[PDB]
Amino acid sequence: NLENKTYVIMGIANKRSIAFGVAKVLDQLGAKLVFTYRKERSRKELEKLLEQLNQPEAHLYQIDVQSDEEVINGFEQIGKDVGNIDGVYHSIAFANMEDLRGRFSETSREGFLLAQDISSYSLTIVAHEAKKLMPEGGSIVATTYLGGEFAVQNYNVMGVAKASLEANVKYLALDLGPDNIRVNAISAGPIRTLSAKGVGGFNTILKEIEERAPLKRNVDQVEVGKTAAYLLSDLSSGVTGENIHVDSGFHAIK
């Protein structure tokens, strides 16, 4: 039960975002929720989306994580508007589609550093900024994929940015541990989302989990958010630097 908790959720794009999965779960559990979004263009659709929750007030902030200034100011404003927070769900990544298809050895320097910037480094800056709002400690969660642990076809530069994110999580957990801030990842199985259109052979991915994963089915955004609730609540009070696979068991098989 998450009454009198406040969590910032970063990365809702539409009804299919894993982060709207997380949001519906935390909302039902009585958390006060704050949202960040990337582009002022899509604020309109995002307000409509959140009418579905039981949040009595919309707290929305434009933060594109390629800007220090936007993360610093955005979190500073959150603090003034809502006070101290209990945690952050990070659900954000990016690479150029044109890097993701064909040959990883052909990746450009710019495209490689972009995916690092948005998909890994953003966590670090967000943690430093969000720590200011968690004087008594709290919980940080980022979303990764099995590609950060193994070479998976077509995932290319994003795999290497996930490898990076996953270690980011570990170095943060160590750094912020003495402050009572826990930092974990959830490693989600494949789910149909906006950003999933940028991954070549997605249907073959989904298909294969159904065929081969221990549970013989794919997972969904609500299953991610239920593990997010665990990771963000006191239920997981002993757990940091961890990566939980919400992937129907697929990480465990070969």
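Note that the rigid core is defined as the largest set of C-alphas that superpose within 1.5 Å between two forms. Heads up: residue numbers just count along the shown sequence, starting at 1.
*Asks:* What stretch shows more C-alpha movement in 9 other deposited structures of this protein relative to this form, 217-225 or 23-31, after the core is superposed?
*Replies:* Between 217-225 and 23-31, greater C-alpha deviation in 9 other deposited structures of this protein belongs to 217-225.
*Asks:* Do the Cα atoms of 207-215 stray more than those of 62-70 in 9 other deposited structures of this protein, or is it the other way round, with the core held fixed?
*Replies:* After the core superposition, the stretch with higher RMS deviation in 9 other deposited structures of this protein is 207-215.
*Asks:* Comparing 40-48 with 191-199, which stretch shows the greater average C-alpha B-factor in the deposited entry?
*Replies:* Of 191-199 and 40-48, the stretch with the higher C-alpha B-factor average is 40-48.
*Asks:* Between 122-130 and 78-86, which has the larger average Cα B-factor in the PDB entry?
*Replies:* The deposited B-factors put 78-86 ahead on the C-alpha mean.
*Asks:* Tell me, please, which of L100, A115, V169, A151 has the highest C-alpha B factor according to the deposited entry?
*Replies:* By C-alpha B-factor in the record, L100 ranks first.
*Asks:* Going by the CA temperature factor in the entry, name the top one among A185, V65, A229, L60.
*Replies:* In the PDB entry, the greatest C-alpha B-factor among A185, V65, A229, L60 is found at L60.
*Asks:* Relative to the other modelled residues of the same chain, rank the CA B-factor of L215 and answer lowest, middle or highest third.
*Replies:* It belongs to the lowest third of the chain when residues are ordered by C-alpha B-factor.
*Asks:* What third of the chain, by the recorded C-alpha B-factor, contains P135?
*Replies:* For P135, whose C-alpha B-factor we compare with every modelled residue in the chain, the answer is the highest third.
*Asks:* Which third, lowest, middle or highest, does the C-alpha temperature factor of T143 belong to within its own chain?
*Replies:* It falls in the bottom third of the chain.
*Asks:* Pull the Cα B-factor of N156 out of the PDB entry and bin it into the chain's lowest, middle or highest third.
*Replies:* According to the entry, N156 has a C-alpha B-factor in the chain's middle third.
*Asks:* Would you mind ranking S105 by its C-alpha B-factor against the rest of the chain and naming the third, lowest, middle or highest?
*Replies:* Within its chain, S105 is a middle-third residue by C-alpha B-factor, going by the deposited values.
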